[PDB]
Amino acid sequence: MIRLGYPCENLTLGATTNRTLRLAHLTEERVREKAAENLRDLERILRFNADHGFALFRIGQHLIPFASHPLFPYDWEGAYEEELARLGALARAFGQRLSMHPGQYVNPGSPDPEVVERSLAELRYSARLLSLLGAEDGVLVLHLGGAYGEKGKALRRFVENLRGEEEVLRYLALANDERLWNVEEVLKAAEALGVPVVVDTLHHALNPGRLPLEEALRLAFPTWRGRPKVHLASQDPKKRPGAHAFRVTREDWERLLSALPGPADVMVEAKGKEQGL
């Protein structure tokens, strides 16, 4: 019924795919060694996953640090395509489903054309990565971002700025957030782009609209060609709304298992990573 994943890094291993460096500082030799370390860790994680009933993994945005920066000092595709092909072969052989989640500052709906172009650059880098790994069912998950002023107009820019981007749209899926965009609203944008919807259970609890969870899932699921993807997290009882708990509580698991209208791939977003169950 369920396949599990966790994002970016692994705690028992001390493996992470998300090492970066300060911009100061972005020179070929510095980035090469950070990428190398990241890529080595991607393998340790895939291999670990194969032996631990994990089928899903989110690669960190920083896999190749600053890979979409206008001053990235070399051809990272040329540099890493062979090793990325190799890591992708392992993933497939291991039945692993890879995904990526661009940062808070990735917003193609921004009024600022300079923030749009840099956002599309991060997205294009991310999608190319998935292609270099040969991840057919790879997903690229995106929140709809700030309603700068107000939404609707922000939504329209978002759709226009993404509709040309073929390679990104091959992987793109959209997620609901705790603030501006509920599932209903996201379904509308996704349908406009012809991409699927990732329901984020904690965000949905925080910002439900008028759909109950079971209702949000039952609408979101048909949007997937393959098997639908879900985000599961629990509210940290001491921290601000939306902040992720170290471990998904048993109640939150059951609320999700009850609401499922079919099989799903669940990405567990807990601070505890592979221990977050």
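So that there is no doubt, residue numbering starts at 1 and follows the sequence shown.
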*Do the CA atoms of 228-236 or those of 245-253 have the higher mean B-factor in the entry?*
245-253
*Which is higher on average in the deposited entry, the C-alpha temperature factors of 79-87 or of 167-175?*
79-87
*Which one of 207, 126, 107, 99 shows the top CA temperature factor in the record?*
107
*When you compare the CA B-factors of 152, 134, 196, 95 as listed in the entry, which one comes out on top?*
152
_Quick check for you: using the entry's CA B-factors within this chain, is residue 2 in the lowest, middle or highest third?_
highest
*Which third of the chain holds residue 118 when residues are ordered by C-alpha B factor: lowest, middle or highest?*
middle
_When the deposited Cα B-factors of this chain's modelled residues are ordered and cut into thirds, is residue 213 in the lowest, the middle or the highest one?_
highest
*Hey, what third does residue 18 fall into on Cα B-factor, ranked over its chain?*
lowest
*Can you work out whether the C-alpha temperature factor of residue 264 puts it in the lowest, middle or highest third of the chain?*
middle
